[PDB]
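[1] How does the following fold in three dimensions:
(6 chains, ligands or ions: 26)
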Amino acid sequence: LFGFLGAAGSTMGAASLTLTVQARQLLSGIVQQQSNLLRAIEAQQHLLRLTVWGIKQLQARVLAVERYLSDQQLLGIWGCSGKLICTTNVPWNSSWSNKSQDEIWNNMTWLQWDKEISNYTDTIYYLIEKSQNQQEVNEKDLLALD
Amino acid sequence: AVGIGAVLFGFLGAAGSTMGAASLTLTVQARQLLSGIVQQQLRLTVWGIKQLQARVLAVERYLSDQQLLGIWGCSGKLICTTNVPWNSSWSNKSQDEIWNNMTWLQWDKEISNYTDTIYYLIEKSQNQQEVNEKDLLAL
Amino acid sequence: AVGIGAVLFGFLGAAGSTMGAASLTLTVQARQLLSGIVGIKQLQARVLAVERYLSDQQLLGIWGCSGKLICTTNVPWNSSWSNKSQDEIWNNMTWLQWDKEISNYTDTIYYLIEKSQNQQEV
Amino acid sequence: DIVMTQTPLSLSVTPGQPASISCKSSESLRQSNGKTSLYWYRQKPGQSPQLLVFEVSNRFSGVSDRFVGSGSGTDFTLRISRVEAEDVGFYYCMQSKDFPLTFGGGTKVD
Amino acid sequence: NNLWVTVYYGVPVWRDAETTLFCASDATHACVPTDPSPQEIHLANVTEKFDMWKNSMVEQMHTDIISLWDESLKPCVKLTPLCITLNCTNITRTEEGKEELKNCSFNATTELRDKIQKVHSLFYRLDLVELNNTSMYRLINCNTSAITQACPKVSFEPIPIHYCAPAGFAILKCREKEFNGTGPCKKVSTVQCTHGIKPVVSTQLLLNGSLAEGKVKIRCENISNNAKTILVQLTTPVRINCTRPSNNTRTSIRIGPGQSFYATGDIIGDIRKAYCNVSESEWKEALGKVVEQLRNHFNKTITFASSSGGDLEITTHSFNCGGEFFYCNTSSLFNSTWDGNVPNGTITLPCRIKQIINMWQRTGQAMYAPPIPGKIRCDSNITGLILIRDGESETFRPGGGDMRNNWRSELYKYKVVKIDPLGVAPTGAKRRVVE
Amino acid sequence: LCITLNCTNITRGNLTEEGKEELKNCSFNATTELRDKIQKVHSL
Ligand SMILES: *[C@@H]1O[C@H](CO)[C@@H](O[C@@H]2O[C@H](CO)[C@@H](O[C@@H]3O[C@H](CO[C@H]4O[C@H](CO)[C@@H](O)[C@H](O)[C@@H]4O)[C@@H](O)[C@H](O[C@H]4O[C@H](CO)[C@@H](O)[C@H](O)[C@@H]4O[C@H]4O[C@H](CO)[C@@H](O)[C@H](O)[C@@H]4O)[C@@H]3O)[C@H](O)[C@H]2NC(C)=O)[C@H](O)[C@H]1NC(C)=O
Ligand SMILES: *[C@@H]1O[C@H](CO)[C@@H](O[C@@H]2O[C@H](CO)[C@@H](O)[C@H](O)[C@H]2NC(C)=O)[C@H](O)[C@H]1NC(C)=O
Ligand SMILES: *[C@@H]1O[C@H](CO)[C@@H](O[C@@H]2O[C@H](CO)[C@@H](O)[C@H](O)[C@H]2NC(C)=O)[C@H](O)[C@H]1NC(C)=O
Ligand SMILES: *[C@@H]1O[C@H](CO)[C@@H](O[C@@H]2O[C@H](CO)[C@@H](O)[C@H](O)[C@H]2NC(C)=O)[C@H](O)[C@H]1NC(C)=O
Ligand SMILES: *[C@@H]1O[C@H](CO)[C@@H](O[C@@H]2O[C@H](CO)[C@@H](O)[C@H](O)[C@H]2NC(C)=O)[C@H](O)[C@H]1NC(C)=O
Ligand SMILES: *[C@@H]1O[C@H](CO)[C@@H](O[C@@H]2O[C@H](CO)[C@@H](O)[C@H](O)[C@H]2NC(C)=O)[C@H](O)[C@H]1NC(C)=O
Ligand SMILES: *[C@@H]1O[C@H](CO)[C@@H](O[C@@H]2O[C@H](CO)[C@@H](O)[C@H](O)[C@H]2NC(C)=O)[C@H](O)[C@H]1NC(C)=O
Ligand SMILES: *[C@@H]1O[C@H](CO)[C@@H](O[C@@H]2O[C@H](CO)[C@@H](O)[C@H](O)[C@H]2NC(C)=O)[C@H](O)[C@H]1NC(C)=O
Ligand SMILES: *[C@@H]1O[C@H](CO)[C@@H](O[C@@H]2O[C@H](CO)[C@@H](O)[C@H](O)[C@H]2NC(C)=O)[C@H](O)[C@H]1NC(C)=O
Ligand SMILES: *[C@@H]1O[C@H](CO)[C@@H](O[C@@H]2O[C@H](CO)[C@@H](O)[C@H](O)[C@H]2NC(C)=O)[C@H](O)[C@H]1NC(C)=O
Ligand SMILES: *[C@@H]1O[C@H](CO)[C@@H](O[C@@H]2O[C@H](CO)[C@@H](O)[C@H](O)[C@H]2NC(C)=O)[C@H](O)[C@H]1NC(C)=O
Ligand SMILES: *[C@@H]1O[C@H](CO)[C@@H](O[C@@H]2O[C@H](CO)[C@@H](O)[C@H](O)[C@H]2NC(C)=O)[C@H](O)[C@H]1NC(C)=O
Ligand SMILES: *[C@@H]1O[C@H](CO[C@@H]2O[C@@H](C)[C@@H](O)[C@@H](O)[C@@H]2O)[C@@H](O)[C@H](O)[C@H]1NC(C)=O
Ligand SMILES: *[C@@H]1O[C@H](CO)[C@@H](O)[C@H](O)[C@H]1NC(C)=O
Ligand SMILES: *[C@@H]1O[C@H](CO)[C@@H](O)[C@H](O)[C@H]1NC(C)=O
Ligand SMILES: *[C@@H]1O[C@H](CO)[C@@H](O)[C@H](O)[C@H]1NC(C)=O
Ligand SMILES: *[C@@H]1O[C@H](CO)[C@@H](O)[C@H](O)[C@H]1NC(C)=O
Ligand SMILES: *[C@@H]1O[C@H](CO)[C@@H](O)[C@H](O)[C@H]1NC(C)=O
Ligand SMILES: *[C@@H]1O[C@H](CO)[C@@H](O)[C@H](O)[C@H]1NC(C)=O
Ligand SMILES: *[C@@H]1O[C@H](CO)[C@@H](O)[C@H](O)[C@H]1NC(C)=O
Ligand SMILES: *[C@@H]1O[C@H](CO)[C@@H](O)[C@H](O)[C@H]1NC(C)=O
Ligand SMILES: *[C@@H]1O[C@H](CO)[C@@H](O)[C@H](O)[C@H]1NC(C)=O
Ligand SMILES: *[C@@H]1O[C@H](CO)[C@@H](O)[C@H](O)[C@H]1NC(C)=O
Ligand SMILES: *[C@@H]1O[C@H](CO)[C@@H](O)[C@H](O)[C@H]1NC(C)=O
Ligand SMILES: *[C@@H]1O[C@H](CO)[C@@H](O)[C@H](O)[C@H]1NC(C)=O
Ligand SMILES: *[C@@H]1O[C@H](CO)[C@@H](O)[C@H](O)[C@H]1NC(C)=O
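    Residues are numbered from 1 along each chain as shown, chains lettered A, B, ... in the order given. Ligands and ions are numbered 1, 2, ... in the order given. Sure, structure below:
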């Protein structure tokens, strides 16, 4: 299963054991990895005209920055800052899915979970940000109590 | 044909509420700081550059405050505590006078001359702490 | 008319002081790596300024060192990199001179800091 | 040091016609805030001076409409119209852009 | 016990790199009219050698001033309807200036299209080409260029330019007084921006520049032999007075719809040539200061030659004041011989002026400078020399080449660096804690 | 170049010339650098 996106196809019990493969290509190998973008800048300095392929490298950089920061912000509002599997205090509402653990973790892929739960994630994200905000308020005045 | 369902908290909805119950809605404004209406579901138009300039500005301002959180001891958090003691020449108000009575944007217009002095002391006690946490790991 | 009050830590400032006293002013120079004192090439100047900053922040995320100034890794210091004593490093040496001492051995050390994070297996 | 020079030495005696006076600056007095430094006073002979102009074409409170001072860059004027009384004084400007604070030179009023 | 690696972020280390600084201005399409108040942080105990002759700020500033000069010629009037067989004759009326002017007449195009306007103007002999005393002439660069008239509302005044540092970069500056240009300093300091730098476009003599404030500095570049340029800093500013003693009527001729050609109408009175005075007692005092400093770098006898006859931009003294371009003959300033170990008088320099000028050593983009009404009078300080070596003796000639040697003479104080914020060090018993 | 062209055939033991009827020999008044001078050229 090792290799980028190689666990697509396996069930999500075994596809979640190798999450390091995805969170290294999407954190390291995006902006830090390439130094050849500044080898094409001097070749754009040789020609004195702004070309079509110089505009498309703006739009592929600003899409690359925003795609990186809009997944680290969302992991920053929650308590899951620098980790890959984190737990929350949000109880699972059975009207999101009534489906058992053995059907989910052992007979369903992640790509079949995208096409089931996607209408509900905007509601789920509200309840993770709200419970994280209630937690840090509670551990501040507890801290100030002693 | 649509219709308004149940309502929840919304963006800036706790502005002018108070100071202690507007800090229970910190994630609502912190969610709307990076992605706006610019992201939806042929080249070099006047409205094309003005949309692209709004996307480069929105990253520069976000990374500005996100840098400043990590220089402090407070990364990935919403409420953090420091070791800098509060100085009454910055503001002398009581504890039940800024909480439960004051709102933000009234406290903002009060200490906005002193924030550059406050920001320097948070950064200085973070250098002094991280050297000490290094020098505690030599035993 | 403008006077000058008290004086605190300026921008470089401790660039000529020793590496024991320059490691207390780390926050001053980290503030200036992104902000600056700042029409299609008006944008390409900005995007490079952002991506020079994010390249160094992702590299600290590869390691364990995300969100802190002084971090610590468990790579042993190979005594052939530089064999100087601890007091003649932290009390008798600047950062501009230490940068020329181990400029050969920079890519070797970064390759080991990255490997020892994949060898956590936790 | 920045030097301020005003050219007329005294004022005409007639209370009918208004005679505008002016100062000149040895350096541009625009400060980095976006504001200038040229003032205008009136020291009554025997009494302390008082403020009349706190910025170019800006008038202090409780001041008649004769007192108005224009100026662009390094050139400066003091527009005078409808001479209303015999309020004598000593006229002089101010450089308050740097240190030391240098005034004008004095101008008698009668 | 062992010894472990740490990683520090925020470390005061810079390397030497190249970037693009941004143009400020003392307050268009390329510069930014914000007027900064820079600050300076005096460092300590750091040296940072410069090597002035390999400086990236000179290549950038040469690029931006060419970009400013082309930008102010885009809304201006193209002049391709004024390439006609002209009908030129000698002017007939202190009368030693009629040899270099003509009185040319030509059929022109008008505000309409089906009719022809017959007009006249007074050109110069340096701006005309014989084609095949009345005879038929032609302008200079119909052959190669599309001539563009400079817009009259845009003055040619040098307006000072700050260069400021971007995010992640810095600018260094040697505070010391006697710095040779290259080699280490002992006193450096970090600034936000440079000082105000005036774009004085001149050849062979530095005008309105800075001063040495020392004895006299001379700086030669150090390729294998120094047969190329050498820059004199010249403490005491010799003052030159340049003028054109002739009023000019400027008639305006309408070539097309919404565009018109500002021509030269008439000479009222005298036609006396344009010239420059130089104070002879202060000039020969100035060459005595230069020749003793050159002995500390050559130790021979030192003579000054003149540039051999050829093109005007490479031999004569080219400058701009009053909106017109003087080409002055400096043969009577540069012959001397100094064989090892107060003059009464002034010096007259012959000066010719042109209007079709092709600037920045480039083909294809000529410019018709319009005539200026009135009598031009202008004063400027000579604060530098641009000399070239031909190699006992050694003779020196007036310098030439690119305009970048005007910017080694200003930007020699500065240096742009890039700040590398990561750095590793051996630490102690500080190993990462195990969980 | 969008003008009237005065254009005719080419004035050139059998296989040495084949495609005469594709080319033609045109001639026309072209402009030059000097605005009052006119010139003829003979392009194919
Ligand atoms: C080295 O450095 C020196 C020192 O700065 C420098 O000398 C100065 O050059 C400037 C060039 O801009 C000179 O400025 C010009 O000055 C003349 C004369 O001004 C004096 O006289 C008038 C009348 O008596 C006084 O009011 C005034 O205060 C001065 O005492 C002016 O006539 C010029 O103004 C014209 O040009 C300006 C720019 O376009 C316009 O803003 C202005 O309104 C004038 O233009 C109008 O009138 C023209 C007809 O006259 C007409 O043709 C135009 O289209 C327009 O309608 C200008 O301000 C200054 O005097 C010099 N100072 C000294 C001491 O010599 C050198 O030039 C410099 N050398 C080099 C090589 O860089
Ligand atoms: C520049 O170098 C001088 C060298 O004398 C530094 O001065 C000494 O620094 C040591 C460091 O612990 C002190 O123990 C001495 O007392 C200092 N000497 C004096 C006379 O004060 C100086 O600190 C260096 N500059 C900077 C900015 O650190
Ligand atoms: C510490 O550094 C030394 C450098 O001298 C390393 O020893 C050499 O490493 C190179 C590159 O791998 C080899 O080609 C040489 O054969 C090594 N020398 C010997 C004598 O074997 C050494 O590997 C480094 N690491 C440790 C743990 O000592
Ligand atoms: C333009 O050139 C033509 C000749 O190429 C000049 O025409 C004649 O020149 C003679 C020379 O003395 C005169 O005697 C004639 O009277 C001219 N005839 C006309 C119709 O002008 C003509 O003078 C030239 N124009 C100018 C302004 O010099
Ligand atoms: C301007 O145009 C006029 C008219 O086309 C030119 O006058 C001609 O001059 C020649 C030379 O003597 C005569 O043979 C023609 O008969 C003239 N034409 C007419 C209509 O009189 C004149 O030469 C042109 N001048 C310039 C400088 O181009
Ligand atoms: C250049 O030549 C033209 C034409 O020969 C001169 O224009 C003449 O000017 C005088 C004086 O005003 C008039 O009497 C004539 O009638 C003009 N001739 C024409 C054809 O208009 C002009 O003056 C000359 N320029 C100079 C500086 O001498
Ligand atoms: C060059 O111009 C300066 C003025 O800028 C001349 O200096 C004047 O010299 C006369 C001597 O006759 C004095 O009376 C004036 O007071 C001087 N003026 C200033 C402003 O200093 C100088 O003489 C000129 N030199 C030459 C060679 O022409
Ligand atoms: C202006 O420059 C020219 C050369 O650029 C000088 O012309 C020379 O003058 C000397 C004087 O005896 C002659 O012997 C040379 O033959 C001339 N050169 C040529 C090429 O013929 C001229 O002297 C300069 N003007 C002044 C006033 O010195
Ligand atoms: C140097 O230049 C001068 C003029 O610019 C040349 O002419 C000499 O001028 C002086 C003026 O006082 C006379 O005393 C000399 O007699 C002139 N020279 C001759 C040869 O007559 C001069 O020729 C140039 N060259 C030298 C070597 O002086
Ligand atoms: C240098 O310039 C001055 C004025 O700019 C000229 O001085 C004039 O000289 C003539 C005789 O040479 C006198 O009649 C005038 O009275 C002078 N002017 C003044 C205002 O007094 C001088 O001629 C120039 N030097 C030259 C041309 O060599
Ligand atoms: C342009 O076209 C005309 C006809 O419209 C040509 O005129 C004649 O062409 C024949 C064919 O060669 C010649 O024999 C005649 O001598 C031409 N007439 C004249 C008066 O010369 C003319 O030749 C064409 N132009 C060219 C360059 O071929
Ligand atoms: C190029 O221009 C010349 C201008 O003279 C043309 O020649 C004239 O053409 C007309 C129309 O056929 C004839 O009536 C004239 O007799 C011609 N003049 C001469 C001197 O031959 C010529 O036809 C033009 N060529 C083209 C291809 O348009
Ligand atoms: C440009 O001009 C050069 C100089 O020759 C001049 O122009 C020609 C057309 C004749 O009129 C001659 O009598 C002049 O002195 C030419 O050598 C050159 O070929 C011309 N063209 C270009 C493209 O440079
Ligand atoms: C692919 O499917 C086959 C058949 O069920 C299975 O044996 C194999 O393990 C699957 N591989 C992955 C990577 O899911
Ligand atoms: C959902 O699952 C529950 C048991 O977990 C079951 O009782 C219910 O019928 C299911 N819903 C539907 C629509 O079948
Ligand atoms: C469970 O898996 C088998 C084969 O993998 C499949 O046929 C079956 O439909 C799955 N169960 C459900 C409820 O889809
Ligand atoms: C507005 O103010 C009233 C009292 O002044 C308070 O009861 C109410 O909660 C406030 N509204 C919000 C949204 O805070
Ligand atoms: C600040 O608050 C204290 C209350 O302890 C009071 O004594 C003091 O006068 C206040 N200062 C001002 C300027 O209001
Ligand atoms: C709270 O602040 C408001 C100011 O808008 C003031 O009117 C009110 O009296 C304060 N509450 C108390 C208890 O003083
Ligand atoms: C450290 O290494 C250098 C060169 O490898 C050597 O000259 C020096 O003697 C070494 N230090 C000690 C204490 O042996
Ligand atoms: C280390 O300190 C000593 C004095 O204790 C000094 O003589 C020596 O020069 C220093 N080392 C270096 C490399 O400067
Ligand atoms: C770094 O390596 C180079 C050879 O590439 C060597 O010349 C230099 O001395 C080394 N640096 C140090 C500080 O020894
Ligand atoms: C200037 O001084 C430095 C400092 O020693 C030296 O390296 C350089 O060679 C000197 N240059 C000249 C031209 O004397
Ligand atoms: C340079 O020119 C200015 C302006 O005319 C003048 O004040 C200064 O004295 C001149 N410098 C010298 C050395 O004459
Ligand atoms: C030049 O011509 C104008 C135009 O009338 C005239 O007023 C002036 O006296 C003339 N002479 C000069 C400027 O010496
Ligand atoms: C070098 O200069 C000295 C005077 O400083 C002089 O005596 C000596 O002759 C010169 N050298 C030569 C080779 O001429």
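[2] Can you list phi and psi of the closest residue in space to residue A:6 that isn't next to it in sequence for me?
    Nearest non-adjacent residue to residue A:6, counting by CB to CB, 6 or more residues apart in numbering or on different chains: residue A:21, 7.2 Å away. Every residue, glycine included, has its C-beta placed from N, CA and C. Dihedral pair for residue A:21: phi -70, psi -30, per degrees, to the nearest 10.
[3] Ligand 25 versus residue A:21, what's the distance?
    Between residue A:21 and ligand 25 the computed distance is 85 Å (CB to the nearest ligand atom, to the nearest Å).
[4] didn't that residue look like it was pressed against residue A:8?
    No - between residue A:21 and residue A:8 there is no contact under CB atoms under 8 Å: 11.0 Å.
[5] hmm, back to that, residues touching the residue nearest to residue A:6, list them.
    A:2-4, A:6-7 (CB atoms under 8 Å, 6 or more residues apart in numbering or on different chains).
[6] can you name the farthest residue from the center of chain F?
    residue F:13 (25.7 Å; CA atoms, centre = their mean).
[7] Tell me if that one really is in a helix.
    No - when classified by DSSP: H, G, I helix; E, B strand; the rest coil, residue F:13 is found to be coil rather than part of a helix.
[8] What's the separation between it and residue F:21?
    18 Å (CB to CB, to the nearest Å).
[9] What of residue D:73?
    Residue D:73 is 79 Å from residue F:21, where distance means CB to CB.
[10] quick one, what contacts the nearest residue to residue E:402 once chain neighbours are set aside?
    Among residues not flanking residue E:402 along the chain, residue E:361 sits closest, at 6.9 Å (CB to CB, 6+ apart). Residue E:361 is in contact with E:313, E:402-403, counting by CB under 8 Å, 6+ apart.
[11] Now with 10 Å, please.
    E:313-314, E:400-403 (CB atoms under 10 Å, 6 or more residues apart in numbering or on different chains).
[12] now do residue A:126
    So residue A:126 contacts A:90, B:8-9, B:27-28, B:31 (CB under 10 Å, 6+ apart).
[13] wait, is it part of a helix?
    Yes - checked against three-state DSSP, residue A:126 lies within a helix.
[14] now residue E:181: how far from ligand 23?
    7 Å.
[15] So that residue: helix, strand or coil?
    Residue E:181 ends up coil, using three-state DSSP.
[16] wait, doesn't it sit right on residue E:408?
    Yes - applying CB atoms under 10 Å, one finds residue E:181 in contact with residue E:408, separated by 7.8 Å.
[17] okay, these two: which has more neighbours?
    Set side by side, residue E:181 and residue E:408 show more neighbours around residue E:181, with 22 against 19, by other CB atoms under 10 Å in any protein chain shown.
[18] Enumerate every residue touching the nearest residue to the more buried one once chain neighbours are set aside.
    Nearest residue to residue E:181, sequence neighbours excluded (CB to CB, 6+ apart): residue E:52, at 3.9 Å. Contacts for residue E:52 (CB under 10 Å, 6+ apart) come out as E:58, E:179-183, E:219, E:221, E:231, E:408-409, E:411-415.
[19] Drop anything exposed from those residues.
    Buried members of the contacts of residue E:52, counted by 16 or more other CB atoms under 10 Å in any protein chain shown: E:58, E:179, E:181, E:219, E:221, E:231, E:408-409, E:411-415.
[20] Tell me where the stretch 251-400 of chain E has helices.
    E:280-295, E:312-315 (DSSP state H, counting those that start in this stretch).
[21] what's in contact with the longest one?
    It stands for helix E:280-295. Counting by CB under 10 Å, 6+ apart, residues outside helix E:280-295 touching it are E:212, E:215-218, E:220, E:230, E:232-240, E:279, E:300-304, E:332-334, E:336, E:338, E:340, E:342-347, E:382, E:385, E:387, E:394, E:396.
[22] can you give me the strands in chain D?
    For chain D, the strands defined by DSSP state E occupy D:4-6, D:23-25, D:39-43, D:49-55, D:58-59, D:71-72, D:75-76, D:93-95, D:102-103.
[23] For chain A, which residue gets nearest to ligand 25?
    As assessed by CB to the nearest ligand atom, ligand 25 sits closest to residue A:48 within chain A, at 46.1 Å.
[24] Run a quick neighbour tally on that residue.
    6.
[25] what's the spacing between it and residue F:9?
    For residue A:48, the distance to residue F:9 - CB to CB - is 46 Å.
[26] Over to residue A:129?
    85 Å.
[27] quick one, phi/psi of the residue nearest the centre of chain E?
    The centroid of chain E falls nearest to residue E:201 when counting by CA atoms, centre = their mean (2.3 Å). Here is the backbone geometry of residue E:201 (degrees, to the nearest 10): phi -90, psi 110.
[28] Contact partners for the residue of chain F found nearest chain C?
    Chain C sits closest to residue F:1 of chain F, with a gap of 34.8 Å, by CB to the nearest CB. Contacts for residue F:1 (CB under 10 Å, 6+ apart) come out as F:28, F:30-31, F:43.
[29] same question, residue A:91
    A:127, A:131.
[30] and it, which of the three is it?
    coil.
[31] Look up how far residue A:127 lies from it.
    Applying CB to CB to residue A:91 and residue A:127 gives a distance of 9 Å.
[32] And for the residue nearest to the centre of chain E, nearest residue in space, chain neighbours not counted?
    residue E:320 (6.2 Å).
[33] which residues are in contact with stretch A:133-146?
    Against stretch A:133-146 from outside (CB under 10 Å, 6+ apart): A:77, A:79, A:88-89, B:20, B:23-28, B:30, B:77-81.
[34] Could you pull out the buried residues of it?
    Buried-residue list, stretch A:133-146, by 16+ other CB under 10 Å: A:133, A:137.
[35] so how many other residues sit close to residue 28?
    Went with chain A since none was named. Residue A:28: 15 neighbours (other CB under 10 Å).
[36] ah, no, chain F please
    15.
[37] Contact partners for the nearest residue to it once chain neighbours are set aside?
    For residue F:28, ignoring the flanking residues on the chain, the nearest one in space by CB to CB, 6+ apart is residue F:5 at 4.9 Å. The contact partners of residue F:5, by CB under 10 Å, 6+ apart, come to F:24, F:26-29, F:43.
[38] would a markdown table of the contacts of residue A:126 with distance to ligand 7 be doable?
    Converted to a markdown table, those look like this (distance: CB to the nearest ligand atom, whole Å):
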| residue | distance to ligand 7 |
| --- | --- |
| A:90 | 84 |
| B:8 | 78 |
| B:9 | 75 |
| B:27 | 71 |
| B:28 | 71 |
| B:31 | 69 |
